[PDB]
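Overview (structure and organization)
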Amino acid sequence: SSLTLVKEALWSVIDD
Amino acid sequence: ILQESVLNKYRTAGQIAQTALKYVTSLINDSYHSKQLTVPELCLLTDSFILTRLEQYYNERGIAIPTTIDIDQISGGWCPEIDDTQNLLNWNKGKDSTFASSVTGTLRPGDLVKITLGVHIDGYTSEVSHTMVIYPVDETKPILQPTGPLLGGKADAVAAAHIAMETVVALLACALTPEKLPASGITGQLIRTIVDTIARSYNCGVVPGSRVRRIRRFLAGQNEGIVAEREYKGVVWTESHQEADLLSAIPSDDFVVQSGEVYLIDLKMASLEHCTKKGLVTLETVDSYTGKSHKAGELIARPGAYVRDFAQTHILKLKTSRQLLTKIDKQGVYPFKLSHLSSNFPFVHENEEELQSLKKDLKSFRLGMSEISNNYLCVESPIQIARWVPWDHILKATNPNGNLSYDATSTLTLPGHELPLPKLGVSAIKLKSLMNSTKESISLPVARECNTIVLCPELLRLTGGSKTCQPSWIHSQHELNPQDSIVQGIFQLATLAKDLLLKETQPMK
Amino acid sequence: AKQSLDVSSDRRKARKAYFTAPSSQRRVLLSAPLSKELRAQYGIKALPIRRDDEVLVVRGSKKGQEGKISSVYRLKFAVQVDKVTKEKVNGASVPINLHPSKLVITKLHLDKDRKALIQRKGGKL
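Procedures and definitions
- Residues numbered from 1 in each chain as written, not as in the entry; some residues may be left out.
- Chains lettered and ligands numbered in written order.
- Part of a larger assembly, values for the part shown.
- Heavy atoms only, no water.
- Buried < 20%, exposed > 50% of the residue type's maximum accessible area, 1.4 Å probe, protein only.
- Helix = DSSP H or I, 4+ residues; strand = E, 2+ residues; numbered from the N terminus.
- Pairing = 2+ DSSP bridges.
- Contact = heavy atoms within 4.5 Å.
- Buried area = accessible area lost by both parts, 1.4 Å probe.
- Polar contact = N/O pair within 3.5 Å; in protein donor to acceptor, adjacent residues only side chain to side chain.
- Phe/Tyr/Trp six-rings, centres within 6.5 Å; stacked < 30°, edge-to-face > 60°.
- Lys NZ or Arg CZ within 6 Å of the ring centre and 35° of its normal.
- Axes fitted to C-alpha atoms, helices over the stretch in contact; angles between N-to-C directions.
- Left-handed = near helix turned anticlockwise from the far one by under 90°.
- Nonpolar A, V, L, I, M, F, W, Y, C, P; charged D, E, K, R; others polar.
- Salt bridge = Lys/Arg side-chain N within 4 Å of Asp/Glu carboxyl O.

As documented in the archive entry, the model was determined using cryo-EM at 3.0 Å resolution.

Structure below.
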């Protein structure tokens, strides 16, 4: 589920 | 090793490039700013000039890079022939106003012209380039310095280019001295750090093709996308580094620059005054196929430069092709046009009949190159436009097989097995699909600056200088954030360079 | 019960009609109910699904998730929503194929024909 975590972090960075 | 024989060859290869740069920047001001030559007419004249200069001095010697004139979107590759001028029109006849400059050959105002070229002697080569800018004229003024400075994102781009250029020059100068560096000894870590923060200050991202690297005899990086190499120390900034910086071979750690070495700088900055958002900066190739799509923003063209893969061999059935292959392999491993290979190309005297002679020779050379290309002997150096993609489409995308998608009918292999962003498991093929799969087809303007330097105690900068690449005065903003580590270091570097010693080769009159 | 001669209670005929239904009929077959808020808003219980509609899942293992529709695969009798994907270890994501009878709509994509459909079906808008 690594893609899940990296996409979560990437959403976090792009939303702010 | 940096012998006298090596470095004076570097010098006399460099200053030919310098005076040819002056020639082009001469001619363009003659044509547009002064009280009208097209791009392909500039290019072969510049190459004629360079070879006419090369004849006087000096066995393997000639043009490493054919003179490339990019305009306003193209990261690299635009350098067409006189064959193709009507073809460009009747291909792009139905498209829209964008790329009008590159299509017609006449340059417009506010048009960001990135010139680049290079010359080599016995494998020892020197590249150079300069982003200049067109801006309309003053008529009421007596001297007519042309009116208006530049303001927008292109100005950003030019500023970032020049500042990054001078800063990396100074860094590689301090490479000689383990001192005279603000601790705020030298590494690609530091280089990428300072250039990335400059790019972030000016809001102009780094293009994937840009790099800074070592040079050896016959091994510069002229191609950098087609031919491979094991021993390559240097720094690049591609989509992998973009995603890594968003998160937090070409190794960057085990890399500290040393004395007695020759280096290439090549920086490309793509401006962001719109775009609204975080997003990727990638490259898209330009094909000659009108019929693959319906959209008008696409450019339709044929690259002029080739390069031949001397590892392969295949007997041609065609006399013209075999003779052209003779003419090719008697030249070197550097890219070439069909005009370079001819009987009347240097133009000792110049008229219309000699250009006609060249055109007929070109009509035969294209037939030869057809068979030489159908067999995988020569390949095209591609025409690449910078294109922007927002992260939203990429993250919402669906790639049913990641790390396993080739593109399988891409002809070169090396742009095929790329995997630009290993995280997220997307490849160049699906990235192209996503770039096309959106009405946010935003293409960026790009600015380019290329130099060659050598470290002996001084930094001998074989290109550049103030005669060469003095910037078009502009009016930008976002001018360099103070209040950080790295910015203090950069300003201390700029002040301390005035004492470090930077030698610079002048052009030939 | 059935009180007409036009229509048939035949399993075989009905299944054949379903599985050979063309896309124009699959549109109305692949209908989704609306949430209670949109139901009070408009005055309508269900609609045919389309592409730019925001949706929420209420049945299956992917329950309590929600997002906007990315495809309507009428051939597969399903719809492909974003943020619902089976992520493989390499990095590959495939969409989960959902049925809109399970889904519930939260927000619509409104144009003239859709407004007219609602006014026709008895919506105060």
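Examining the pairing of strand β13 (residues 384-390) of chain B
All names here are of chain B. Most of β13 is tucked away: six of the seven residues are buried. For strand β3 (residues 74-76) and β13, the ladder comprises two bridges, and the chain directions are antiparallel. Bridging across to β13, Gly76 finds its partner in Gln384. Note that strand β10 (residues 279-285) and β13 share seven bridges and pair antiparallel. The partner of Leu283 across the bridge, within β13, is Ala386.

What about the interface of chain C and chain B?
With eight residues of chain C in contact, the opposing surface of chain B contributes ten residues. Summed over both partners, the interface of chain C with chain B buries about 650 Å², with 40% contributed by carbon and sulfur atoms. Broken down residue by residue, the surface that chain C buries against chain B is led by C:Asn90, C:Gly91 and C:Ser93, which jointly contribute 52%. At the boundary of chain C with chain B, the tally comes to five residue pairs in polar contact. Per-element accounting of the side of chain C that touches chain B gives the leading share, three residues, to strand β6 (residues 93-98) of chain C.

What to know about unusual backbone geometry
For B:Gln483, which is not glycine, the phi dihedral falls at a positive 75°. Checked against the element boundaries, B:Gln483 lands in the loop between α12 (466-469) and α13 (485-496). The phi dihedral of C:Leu125 is positive, around 60°, even though this residue is not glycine. The topology assignment puts C:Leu125 in the segment after α4 (112-121). Residue classification places C:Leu125 among the partly exposed positions, given a relative accessible area of 45%.

Looking at the packing of aromatic side chains
For any pair of aromatic rings, geometry is given as the distance between the ring centres together with the angle between the planes. Residues and elements named next belong to chain C. Under the counting rule described, the total for this entry stands at six aromatic pairs over all chains. Ring plane angle 85° and centroid distance 4.9 Å describe the contact between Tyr18 and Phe19, whose orientation is recorded as edge-to-face. A relative accessible area of 30% places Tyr18 in the partly exposed class. Connected via pairs of aromatic rings, a cluster forms that spans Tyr18, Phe19 and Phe77. The cationic tip of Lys76 hangs over the ring face of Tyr73; the distance from NZ or CZ to the ring centre is 4.2 Å.

A word on the sheet that holds strand β7 (residues 104-107) of chain C
All names here are of chain C. Spatial ordering of the open sheet is given by β6-β5-β4-β3-β7, a layout of five strands whose pairing is antiparallel. Strands with a single pairing partner mark the edges of an open sheet, and in this sheet they are β6 and β7. In this sheet, neighbouring strand axes are inclined to one another by 55° on average, regardless of whether the strands run parallel or antiparallel. Two strands pair when backbone bridges link them, and strand β3 (residues 54-56) and β7 are joined in this way by three bridges, in the antiparallel orientation. Each bridged residue has a counterpart across the sheet, and for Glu54 the counterpart in β7 is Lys107.

Re the environment of B:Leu500
You can see B:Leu500 is positioned in the loop between α13 and β16 (502-504). A relative accessible area of 10% means that B:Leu500 is categorised as buried.

Brief notes about the packing of helix α1 (residues 4-33) of chain B against helix α2 (residues 39-57) of chain B
All names here are of chain B. At a closest axis distance of 10 Å, the pairing of α1 and α2 adopts a crossing angle of 145°. You can see that α1 and α2 cross each other, and the crossing is right-handed. Contacts between α1 and α2 involve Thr12, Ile16, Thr19, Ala20, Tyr23, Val24, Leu27 and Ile28 on the former and, on the latter, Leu42, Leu45, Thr46, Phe49, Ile50, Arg53, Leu54 and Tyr57. Taken together, the residues of the contact of α1 with α2 sort by class into twelve nonpolar, three polar and one charged.

Some words on the pattern of salt bridges
Residues and elements named next belong to chain B. Under the counting rule described, the total for this entry stands at 17 salt bridges over all chains. With its nearest N and O atoms 3.0 Å apart, the salt bridge here joins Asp83 to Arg366. A salt bridge links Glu352 to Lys359; the shortest N-O distance between them is 4.0 Å. Its relative accessible area of 28% is what places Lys359 among the partly exposed residues. What emerges from the salt-bridge pattern is a single network uniting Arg211, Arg213, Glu224, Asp266 and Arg448.

Looking at the environment of C:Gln41
All names here are of chain C. Turning to its location among the elements, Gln41 is positioned in helix α3 (residues 36-42). The partly exposed category is assigned to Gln41, whose relative accessible area is 41%. For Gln41 and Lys124, which are 83 residues apart along the polypeptide, the C-alpha to C-alpha distance reads 7.8 Å.

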